[PDB]
Amino acid sequence: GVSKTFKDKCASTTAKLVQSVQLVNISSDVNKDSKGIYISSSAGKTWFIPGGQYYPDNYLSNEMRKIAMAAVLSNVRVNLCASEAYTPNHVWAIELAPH
Amino acid sequence: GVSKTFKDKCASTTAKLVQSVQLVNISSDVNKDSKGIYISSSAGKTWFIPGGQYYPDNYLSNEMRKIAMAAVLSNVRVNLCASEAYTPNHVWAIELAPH
Amino acid sequence: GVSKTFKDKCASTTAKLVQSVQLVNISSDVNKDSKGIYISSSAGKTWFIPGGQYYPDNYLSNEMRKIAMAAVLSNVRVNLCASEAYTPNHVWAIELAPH
Amino acid sequence: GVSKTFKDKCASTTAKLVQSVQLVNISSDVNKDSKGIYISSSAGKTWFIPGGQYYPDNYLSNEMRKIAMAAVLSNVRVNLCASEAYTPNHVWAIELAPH
Amino acid sequence: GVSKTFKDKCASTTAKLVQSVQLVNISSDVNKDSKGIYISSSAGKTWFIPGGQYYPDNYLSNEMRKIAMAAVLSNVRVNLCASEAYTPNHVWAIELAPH
Ligand SMILES: CC(=O)N[C@H]1[C@H](O[C@H]2[C@@H](O)[C@@H](CO)O[C@@H](O[C@H]3[C@H](O)[C@@H](O)[C@@H](O)O[C@@H]3CO)[C@@H]2O)O[C@H](CO)[C@@H](O[C@@H]2O[C@H](CO)[C@H](O)[C@H](O[C@]3(C(=O)O)C[C@H](O)[C@@H](NC(C)=O)[C@H]([C@H](O)[C@H](O)CO)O3)[C@H]2O)[C@@H]1O
Ligand SMILES: CC(=O)N[C@H]1[C@H](O[C@@H]2[C@@H](O)[C@H](O)O[C@H](CO)[C@@H]2O)O[C@H](CO)[C@@H](O[C@@H]2O[C@H](CO)[C@H](O)[C@H](O[C@]3(C(=O)O)C[C@H](O)[C@@H](NC(C)=O)[C@H]([C@H](O)[C@H](O)CO)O3)[C@H]2O)[C@@H]1O
């Protein structure tokens, strides 16, 4: 499920809660115009996970990637807090939700 | 169970021992006002895992996150040493306790 | 499968999409003339995964390696975006594609 | 079992060889007075794994932690080279020894 | 199996190809005179994996460690490119070779 804190923190922003998503792809891309981490759901929706060059976004972005990678590789659900102001939508928070 | 060392180290602080917690969620959040790592128990309690910018808190905080992530992903218990001076409570030490 | 985003981002470059590859080897080599990460398919084709010294190529190249390592160790498929301008061909994007 | 090299290197120091230990706990602690990584065996012995701020102790200490973490999480044995000059004893070398 | 590229790159150096080795130990040692990462085969042979302080040897040596660690923990074979000019012999390249 989704933690109350996760839902409440997402509700304090312009981003949308996406609940119990099954990710089936994660990619890393070093191409000039498309650099970044993308994740895709079984339905084919794609999100972008922004990177962080400085503390604390550096280690926090790294944990977002580890959560997404584990979700794809172990086939376990996540909750996303995602901004629809971009295409693909940007992940601003992610929660591992295996049960 | 809880190592005697873990219990004794927690007793030397203002933080409370939480024994045999089953974590079911871990999240990473880069939103401006809620930046951080959160973990949630099957009962729905949430804790915050502080970051560390400098040695040795940088590598120690990283190991706390690896313990929490493994606990969620593998569904294994932890012991927490948690400060109630914050909401959510802050984790100041964590022990992986699979058996 | 291949995410539409992965296919479309690869089509915007001179690199070719390689779909549902089964990687059976990954190597790391510190020899003077051959330094780098190589990955090999069950058919015996080899690709090179370039490194990155600076942000953001440093963390992105690290994620490309984690995807390739998981693909080999867990025997799960990937999609590659690979440049044929080099021998072995260079991976410019990789997508973990378990199902 | 224990590699001959591991045994011989430990014998060249003041530290004691501990063979085929089953680790059942690992913790990370950022409390002011008890900062560090601790591991505990099924028999109830506890060790401290020192950190390293500079090359090469930084990456070597990180590998010691990965070995201990995997030993706990996977329930597989290690060999330790531990100094009794401190309580808890300090780990100066660790060997993953699954079989 | 051994990738043709892995074999050919090793043949361009003074190092020897060691094929389908089963590693049963990996150790990290911070002792003054024996600092380093060692791996040992089921036959009892030991190799040393050199570290790297600077780009690109830093990330490449880290990937060699991850390959060796996975080989030990998951009991899967590797290929080594190893120099006999040292005792223990130095690993200059390693290939994960599960099947
Ligand atoms: C109205 C309006 O547009 N309000 C905006 C606000 O506009 C101000 C600016 O345009 C400045 C330029 O200086 O002018 C101000 O007016 C000034 C005038 O220029 C001065 O010269 C002088 O006369 O004084 C006046 C008054 O000060 C305008 O007031 O600008 C702010 C800052 O961008 C906007 O704040 C955002 O508001 C939205 C909802 O309205 C959200 O609260 C957003 O926060 C979040 C989000 O939820 O989207 C939080 C979220 O955690 C965060 N995500 C991450 C990953 O950190 C995102 C993210 O940072 C952004 O969405 C990315 O763009 O933002 C507020 O930041 C305000 O809406
Ligand atoms: C006749 C002779 O000694 N030739 C060696 C050469 O001598 C130089 C003189 O000709 C010059 O006038 O005076 C200089 C002194 O100021 C020199 O003495 O020196 C070169 C560079 O040292 C030697 O090159 C080495 O040659 C080896 C085989 O002949 C071998 O090719 C070495 O390359 C490798 C290797 O295969 O062993 C390439 C490996 O990828 C590399 N491994 C790593 C991890 O990078 C190793 C490694 O760097 C060395 O083994 C470490 O000692 O080197 C090559 O560099 C030349 O033989």
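Scanning region A:51-75 for residues that are within 7 Å of chain B (Cβ to nearest Cβ) and farther than 17 Å from residue B:37 by Cβ yields a total of 1. Of the numbered criteria (1) farther than 21 Å from residue E:62 by Cβ; (2) hydroxyl-bearing (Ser, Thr, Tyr); (3) at the interface with chain E (Cβ under 7 Å from one of its Cβ atoms), the one residue D:46 fails is (3). Count of region E:1-43 residues, restricted to those that are among the basic types (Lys, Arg) and more than 7 Å from every other protein chain (Cβ to nearest Cβ), is 3. Restricting attention to region B:1-60, the residues being more than 14 Å from the chain's Cα centre (by Cα), buried (at least 17 other Cβ atoms within 10 Å of the Cβ) and not in a loop (DSSP other than H, G, I, E, B) number 4. Note on region B:27-52: residues that are more than 19 Å from residue A:15 (Cα to Cα) and of a type outside the set (S, T, N, Q) total 10. Scanning region D:78-93 for residues that are surrounded by 18 or more Cβ atoms within 10 Å (Cβ to Cβ) and charged (D, E, K, R) yields no hits at all. Note on region A:84-99: among residues that are facing chain B (nearest Cβ under 10 Å) and within 15 Å of ligand 1 (Cβ to nearest atom), the one that is nearest to residue B:36 (Cα to Cα) is A:93.
Taken together, the values in this text are just the output of simple stated rules run on the coordinates, not laboratory data. FYI the Cβ positions are ideal-geometry reconstructions off the backbone, even for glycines, and counts take in every protein chain you see.
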